[PDB]
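Here are the chains, one letter per residue:
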Amino acid sequence: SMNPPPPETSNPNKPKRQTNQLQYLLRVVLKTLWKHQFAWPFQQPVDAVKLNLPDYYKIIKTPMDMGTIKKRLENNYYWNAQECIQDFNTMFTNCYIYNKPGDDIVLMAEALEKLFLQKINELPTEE
Ligand SMILES: Cc1cc(-c2cc(CS(C)(=O)=O)cnc2Oc2ccc(F)cc2F)n2cn[nH]c(=O)c12
């Protein structure tokens, strides 16, 4: 029933990098998703108290959302792009474990996984 604290967006002793792929990720890919008409249920952490889904965090052991992700981008939290790219995979994957296919929240996810996959087919180069 209670919510856990949100995944860390800061960490002083994690190694950090502003790689150019990575700033594509925040500047194009995240904001390409961030403003899609279905981004809202994902712009922050799932709230099992307001939604009254107590079972959520018993099922979902590694929450991700775009809220923490955008922060992590703005926090140079990442070492490269694979890291951030798999913070998206878990965001979706959680939605496909917790819910069952056909659910409206599954729809929107799938919609966003595909645009996300569209915007991360082409990524800029290195310096
Ligand atoms: C990832 C995610 C986000 C929400 C959700 C979030 C918010 C706003 S917040 C973050 O403040 O809680 C409101 N409604 C929600 O549920 C919906 C339920 C029916 C829908 F057609 C559309 C939804 F967005 N979820 C509900 N169930 N399972 C999930 O995995 C899930």
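That block above? That's the structure.
Before going into details, it helps to say that this report is about the structure given with it. Along every chain, residues receive numbers from 1 upward following the written sequence, which is not necessarily the numbering found in the entry; those without coordinates are excluded from display. The side-chain figures draw on all heavy atoms in the structure; neither hydrogens nor water molecules are used. Residues with missing side-chain atoms are left out of burial classes, side-chain pairs and their counts.

## Section: the packing of helix α1 (residues 20–34) against helix α4 (residues 81–98)
Think of each axis as a best-fit line through the C-alpha atoms, taken over the contacting stretch in the case of a helix, with angles from 0 to 180 degrees between the N-to-C directions. A run of H or I in DSSP counts as a helix once it spans at least four residues, and a run of E counts as a strand once it spans at least two, with each numbered from the N terminus. For the pair α1 and α4, the least separation of the axes is 10 Å and the interaxial angle reads 20°. Between α1 and α4, the crossing angle belongs to the class labelled roughly parallel. As for the relative orientation of α1 and α4, their crossing is right-handed in sense. Between α1 and α4, the contacting residues are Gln-21, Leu-22, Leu-25, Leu-30 and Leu-33 on the first element and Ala-81, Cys-84, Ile-85 and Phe-88 on the second. Split by residue class, the contact of α1 with α4 holds eight nonpolar, one polar and no charged. The scheme is simple: roughly parallel for angles under 35 degrees, roughly antiparallel for over 145, roughly perpendicular for 65 to 115, oblique for anything else. Throughout, a crossing is termed right-handed when the near helix is turned clockwise from the far one, and left-handed when it is turned anticlockwise from it by less than a right angle. For this analysis, residues touch if any pair of their heavy atoms sits within 4.5 Å. Under the scheme applied here, ten amino acids are nonpolar (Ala, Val, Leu, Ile, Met, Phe, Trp, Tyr, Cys and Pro), four are charged (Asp, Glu, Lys and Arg), and all others, including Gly, are polar.

## Digging into the nonpolar core
By nonpolar core we mean a set of buried residues, namely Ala, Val, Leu, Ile, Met, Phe, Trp, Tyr and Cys, connected to one another through side-chain atoms within 4.5 Å. Only protein chains enter the accessibility calculation, which uses a 1.4 Å probe; a residue is then buried when its area is under 20% of its type maximum, exposed when over 50%, and partly exposed in between. Judged by nonpolar contacts, the single largest core of 27 residues is most densely connected at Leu-25, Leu-73 and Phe-88. At the level of secondary structure, the elements contributing two or more residues to this core comprise α1, α3 (66–74), α4 and α5 (104–119). Of all the elements, α1 adds the most residues to this core, at seven residues. Discounting residues that sit within four places of it in the chain, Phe-88 has contacts with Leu-30, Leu-33, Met-66, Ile-69 and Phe-116. Formed by five residues, the second largest nonpolar core is a distinct cluster that contains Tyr-56, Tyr-57, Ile-60 and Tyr-98.

## Section: α1
When the terminal C-alpha atoms of α1 are compared, their 20 Å separation across 15 residues agrees well with the 21 Å that a helix rising 1.5 Å per residue should span. Where α1 bends most, at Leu-26, the angle is about 35°. Of all the positions in α1, only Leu-22, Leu-25, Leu-26, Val-28, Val-29, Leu-30 and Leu-33 are classed as buried. In the core, the buried residues of α1 are packed alongside α3, α4 and α5. Helix span, as expected, comes to 1.5 Å for every residue beyond the first. Two axes enter the definition of the bend at a residue: one is fitted to the seven residues ending there, the other to the seven starting there, and the bend is the angle between them.

## Comments concerning the site of the ligand
By nearness alone, 13 residues border the ligand, and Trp-40, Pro-41, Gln-44, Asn-99 and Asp-104 come closest of all. Polar contact is defined as a pair of N or O atoms within 3.5 Å, subject to the rule that within protein one atom must be able to donate a hydrogen and the other to accept it, and that residues adjacent in sequence are counted only when both atoms are side-chain atoms. Separating a nitrogen atom of the ligand from a side-chain N or O atom of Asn-99 is a distance of 3.0 Å. All accessible-area figures derive from a Shrake-Rupley calculation using a 1.4 Å probe, and residue coverage is judged against the displayed protein chains alone. Burial of the ligand by the protein chains amounts to 74% of its free accessible area of 620 Å². Looking at the shell around the ligand residue by residue, the class counts come to nine nonpolar, two polar and two charged. Residues are classed as near a molecule or strand on a simple rule: at least one heavy atom within 4 Å of it.

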